[PDB]
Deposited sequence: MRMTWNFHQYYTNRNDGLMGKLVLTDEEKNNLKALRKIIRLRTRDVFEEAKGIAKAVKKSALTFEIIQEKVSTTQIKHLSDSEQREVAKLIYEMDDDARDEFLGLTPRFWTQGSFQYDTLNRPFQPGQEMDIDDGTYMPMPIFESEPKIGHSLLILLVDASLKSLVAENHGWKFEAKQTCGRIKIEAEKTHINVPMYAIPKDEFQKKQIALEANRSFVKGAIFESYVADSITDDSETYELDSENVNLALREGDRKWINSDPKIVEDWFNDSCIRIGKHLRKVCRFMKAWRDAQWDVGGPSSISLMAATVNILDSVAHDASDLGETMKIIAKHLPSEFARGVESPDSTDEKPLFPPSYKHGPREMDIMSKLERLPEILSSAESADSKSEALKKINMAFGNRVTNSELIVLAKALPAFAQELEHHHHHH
């Protein structure tokens, strides 16, 4: 007997899609969390700009600057951090100070929350994440921007830390590409990567936008590296977003669904680790662009995807952004223990899907396919006998 799994995957209630898509409680909870961080980040920058504006008018001692800082939200930084902030503001150039007084922090969400691939967590320790980037409109720079890299990082840290001090169960964590607020009890964390963009082009596009009811020069979108050798690196997140969105248009609405399923499979096989979300997306896109498939039957499509995935990761997965210094996934001749473990799981997937298809009953078919996605869908009646 052959079983069809289309309803198993796509049913918005009892199906896998029904288990992966965020509830209104979780979705609005993430939006509220993002709103709080955006408000605080802007308020913190205004407080810092207020101190700098006082400096501009009447010359203040470094002593007075440090006491002003201690009263603001910057106080939630360490004593050494508070002092450097007061030092940077005090030792700031006259021309550099004018640039800062006009600094306007902007925000734009990237990642799965933006292109709607965000799944509900499965195993303990797994969390939902919002990738809300902060943009700093400044003049184009080559090496070091007008407004210091150190100052921008500290002010963002102060904003995040000030929110942690106001919430039990919240914790701050610094990664290489962003600052992070972790909410363990809610299985949630928000990442805040900082970018530098051309102020002139930003104002231009903003003026045209408001009058019409717009991506800037990609080479001038600089990501701030916290612990890296380089303070800045040209990493435009818009490249990945446009790539995936264009792929969804080119391939169809079933692309986001199958991408969710592979990520759910990833969450089921590893409590932590496994292939990156972007690597799964890129590989899946390559398959649906090269191999014929039927969107009306995502059960067959997933089988087709699982069949070709191992060869995709073996070849190595190229990044949608050619600017990337590394591929999303290494080729076979560069595989270590980590990649071999991933290859082992990938080769196992198609066997699991086939086994579930040849099960003796709906009940048996459910638990077999649940080997790939874990126990989420409990309704075996979603599985129908193949015509």
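No C-alpha positions are given for the deposited-sequence stretches 1 to 2, 216 to 237, 412 to 427.
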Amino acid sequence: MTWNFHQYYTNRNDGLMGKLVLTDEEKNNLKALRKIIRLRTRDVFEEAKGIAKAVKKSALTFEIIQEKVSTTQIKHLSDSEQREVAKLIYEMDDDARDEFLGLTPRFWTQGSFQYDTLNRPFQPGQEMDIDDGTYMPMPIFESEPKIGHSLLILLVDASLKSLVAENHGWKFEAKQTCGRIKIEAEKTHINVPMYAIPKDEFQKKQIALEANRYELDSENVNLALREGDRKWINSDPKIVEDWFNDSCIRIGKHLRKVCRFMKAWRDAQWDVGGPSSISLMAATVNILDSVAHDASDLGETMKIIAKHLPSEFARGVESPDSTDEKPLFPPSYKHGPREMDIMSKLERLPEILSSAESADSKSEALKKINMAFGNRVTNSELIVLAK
From here on, numbers count along this sequence of modelled residues.
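For the pair 356 to 364 and 342 to 350, the record assigns the higher mean C-alpha temperature factor to 356 to 364. Taking the PDB entry as given, 89 to 97 carries the higher mean Cα B factor of the two stretches 89 to 97 and 200 to 208. In the PDB entry, the Cα temperature factor peaks, among 39, 69, 33, 328, at 69.
The residue among 314, 216, 287, 298 whose C-alpha carries the highest B-factor in the deposited model is 216. In the PDB entry, a CA B factor belonging to the highest third of its chain's modelled residues is recorded for residue 61. Annotation for residue 146: C-alpha temperature factor in the highest third relative to the rest of the modelled chain, per the entry. Among all modelled residues in its chain, residue 294 ranks in the highest third by Cα B-factor.
The PDB entry assigns residue 229 a C-alpha temperature factor belonging to the highest third of its chain's modelled residues. In this PDB entry, residue 46 carries a Cα temperature factor that places it within the middle third of its chain's modelled residues.
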